[PDB]
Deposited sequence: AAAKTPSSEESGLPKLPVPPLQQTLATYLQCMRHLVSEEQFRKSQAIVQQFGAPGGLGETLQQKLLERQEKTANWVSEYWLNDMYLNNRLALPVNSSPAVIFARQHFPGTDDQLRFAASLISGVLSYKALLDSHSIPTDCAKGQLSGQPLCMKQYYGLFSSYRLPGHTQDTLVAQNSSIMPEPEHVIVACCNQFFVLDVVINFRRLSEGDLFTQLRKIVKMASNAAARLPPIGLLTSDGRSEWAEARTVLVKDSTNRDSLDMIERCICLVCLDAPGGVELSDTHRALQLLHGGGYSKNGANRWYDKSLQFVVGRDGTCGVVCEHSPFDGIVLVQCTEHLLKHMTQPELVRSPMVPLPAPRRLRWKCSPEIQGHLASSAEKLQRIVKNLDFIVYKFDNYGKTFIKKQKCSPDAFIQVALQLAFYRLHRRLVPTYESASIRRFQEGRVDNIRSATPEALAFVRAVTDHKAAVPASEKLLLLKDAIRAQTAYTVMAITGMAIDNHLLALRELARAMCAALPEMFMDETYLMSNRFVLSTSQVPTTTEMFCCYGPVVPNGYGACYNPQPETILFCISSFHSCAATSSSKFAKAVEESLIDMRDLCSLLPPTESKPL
């Protein structure tokens, strides 16, 4: 064995992708532009043309690599993005509201949570995590091994995702505890010896005590990691000039994860508000500096009861993240384990920093930059409570396809147009499989939303229902296509970069405005279903777009909607309202008679 038995990501046929591509964009661009894109595409895919040359190189690439899109995808989707990670990239998972009468209640939670993480990592490292099935065939489990051994280094133009070697798994293993913007190294596993939940508690207390010492308070360096990727790369480059900083950064780069003991939030603890703290900490004046974004998992345990985890996206996606998080939470449910006695307990070490005039300048900039993000985010947690999966399945529809169609109607009734839409589609069936795109703004959806919104047309409800079902069928069809690696985004990306390798001047096929527009997801979505009382959320991917993450339950559907206040067009409240009306309209449509 020693090598995956899983299938390699397939390379869809050239003509299939080009035809689907055109079919996807026809209704999203003018007729004049579409007419030009048809010719451009026709020339790119012609017999003996450039497209076939690139296709052959891709087939060669498919043969020489475990996954032909991994590199291109990782860079295109995240490592090349220059936007600051908060809101723009790193999603957050909000746990249920906790009640911490005292600080020791907060600490005991953190201790229990840290314990859960150690136990989970043990399962991971012992390869005891049950291989996931495609809801089915085996799924790639590589993402799991990137949960605690990943760090994302900033770059001037391209970031670097660092994966720690197994042989280089530190001894002992440690977590970084963030408190009052101060970072402390907390060793948790010496010689296979895992710190007891009781010792972790004791260590956390020492950390809270030290973090509260003004004479030792250091600059809030974590604030720098909340800035644009090129900005952070520059500031980090300054830091690295000194030996003390290199040592501190290294400890952070090699920790298992961060545990953020956030200060109380000066606002009510509604789901929406808790989600905001988890997304950007509320800015420097709050907990915005009590973070370190490059690290994959940042578990937040707020003094006031606001808990959850901030996730860096480059290493793994939402499904794996949820499996982990729900396992931890469930483990915190199971009675406290036995083994917990140990004696000589060294005090946690505070990470030192060698400041300077420069760094102070970078700190001020980052604080201002992060403030713009906090002020620009328009976020809302809307809970649709009229129905959920149960009602939907009774309509012979996949809940996901049904919701994806509702989102299209919501966007159309509000903005009067459909836009290139993104929906994550897992391709974990294939080696190193991450995701591909499900383009939900289909031609069927357009016909459906138009029939619904065009009062003048006076389309009979019975006809609206047929259009509804056809849109849901088209959504399900594209979904199946994407997850079986037969979609088009990854395919076009690879053809694009292989071309770039040949000549920096990309083919007209990719310089075409239709192509550029097709990848500006004004509506970016994903379904992150949970069984616990937690939810995932994230920001939009373009200035004029939304970020819609839904969690469908048997009788309700949770919708986390984001957009930017800077764009006068978008409005999370109005979109959430449009979603409600669409789900109601769809229910009424499905509740009609036959013939």
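Numbered from the first deposited residue, the unresolved ranges run 1 to 7, 143 to 146, 607 to 612.
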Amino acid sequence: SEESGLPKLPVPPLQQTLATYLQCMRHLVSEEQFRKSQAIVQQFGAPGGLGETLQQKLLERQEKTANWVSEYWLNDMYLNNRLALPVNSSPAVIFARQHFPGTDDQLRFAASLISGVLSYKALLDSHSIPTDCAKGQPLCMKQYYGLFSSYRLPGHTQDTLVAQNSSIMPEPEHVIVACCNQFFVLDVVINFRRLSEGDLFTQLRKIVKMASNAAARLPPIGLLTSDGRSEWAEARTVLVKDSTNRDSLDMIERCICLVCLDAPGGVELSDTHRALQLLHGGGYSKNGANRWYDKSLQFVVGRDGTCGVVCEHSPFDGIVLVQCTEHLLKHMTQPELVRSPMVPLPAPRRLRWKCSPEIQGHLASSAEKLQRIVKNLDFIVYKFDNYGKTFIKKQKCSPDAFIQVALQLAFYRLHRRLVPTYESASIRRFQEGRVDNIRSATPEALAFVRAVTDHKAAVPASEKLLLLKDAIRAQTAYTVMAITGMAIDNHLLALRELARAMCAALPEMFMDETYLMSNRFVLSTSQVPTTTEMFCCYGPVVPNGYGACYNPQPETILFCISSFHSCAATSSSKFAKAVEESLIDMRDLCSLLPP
From here on, numbers count along this sequence of modelled residues.
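Basically, rigid core = biggest C-alpha set you can superpose within 1.5 Å across the two forms.
A fit on the rigid core, followed by a root mean square over CA positions in 6 other deposited structures of this protein, ranks 365 to 373 against 188 to 196 and picks 188 to 196 as the more shifted one. Once the rigid core is used to overlay the structures in 6 other deposited structures of this protein, the stretch among 122 to 130 and 275 to 283 whose CA atoms lie farther from this form is 122 to 130. For the cut-off of one third of the other compared entries, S166 qualifies: that many or more give it no coordinates while modelling its flanks.
Looking at 21 to 29 and 580 to 588 together, the entry lists the larger mean B-factor for 21 to 29, computed on C-alpha atoms. In this crystal structure, the stretch out of 158 to 166 and 483 to 491 whose C-alpha atoms carry the higher mean B factor is 158 to 166. Each of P130, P86, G222, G283 has a CA temperature factor in the record; the biggest one is found at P130. Note on the listed residues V405, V381, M342, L465: the highest Cα temperature factor in the record is that of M342. When the CA B factors of the chain's modelled residues are split into thirds, the value for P335 lands in the highest one.
In the PDB entry, a CA B factor belonging to the lowest third of its chain's modelled residues is recorded for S314.
Looking at the C-alpha B-factors along this chain, the one for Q43 belongs to the highest third.
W292: CA B factor lies in the lowest third for its chain, per the PDB record. Annotation for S440: C-alpha temperature factor in the lowest third relative to the rest of the modelled chain, per the entry.
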